[PDB]
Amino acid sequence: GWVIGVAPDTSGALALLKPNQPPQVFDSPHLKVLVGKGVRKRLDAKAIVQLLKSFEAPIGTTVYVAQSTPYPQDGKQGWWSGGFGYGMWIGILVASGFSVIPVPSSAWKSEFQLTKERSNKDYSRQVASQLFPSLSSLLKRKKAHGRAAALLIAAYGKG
């Protein structure tokens, strides 16, 4: 009955929806790696695994993951990073026994009405705060983009 939603970007998050128990959300653990000249922010695979096993989730729990579909105007590095975080989350989740279901980014706009007009400058961050009043304190800043995303992904899979 558990539902897990994951925003796989380098500043994404993970949402956990245990039945009959209050909701949860976690920032995706990260680290700093040198890439050529400069440092880059990437997902910490080790810390992700320990965060997953700490859930003590039932075997075969469905995890809904946002599909990486960047735009043609985006740079090559954006495409590389997009597939990297997507594949890593898929790999971690499948190896950890979870059942993974990819989902597009436009999916949660179906049940939670949102359009290009009235752009989600903070619409996503506070529609998720509406569906989850317990996590209203975690979504005040604009940097909580990923936390709200993972919450909406999990809510989409729950319904």
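Residue positions are given as counts along the sequence shown, with the first one as 1.
Chemist: Would 47 to 55 or 103 to 111 have the larger average of its C-alpha temperature factors, as given in the entry?
Modeler: Per the PDB record, 103 to 111.
Chemist: Comparing recorded Cα B-factors across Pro133, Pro29, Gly97, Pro70, which one is largest?
Modeler: Answer for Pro133, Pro29, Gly97, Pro70: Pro133, with the highest C-alpha B-factor.
Chemist: Ordered by C-alpha B-factor within the chain, which third holds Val127? Give me lowest, middle or highest, please.
Modeler: It falls in the top third of the chain.
Chemist: Looking at the C-alpha B-factor of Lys116, is it in the lowest, middle or highest third of its chain?
Modeler: Within its chain, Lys116 is a highest-third residue by C-alpha B-factor, going by the deposited values.
Chemist: Name the third of the chain's ranked CA B-factors that contains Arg40, choosing lowest, middle or highest.
Modeler: Tercile = middle for this residue's CA B-factor.
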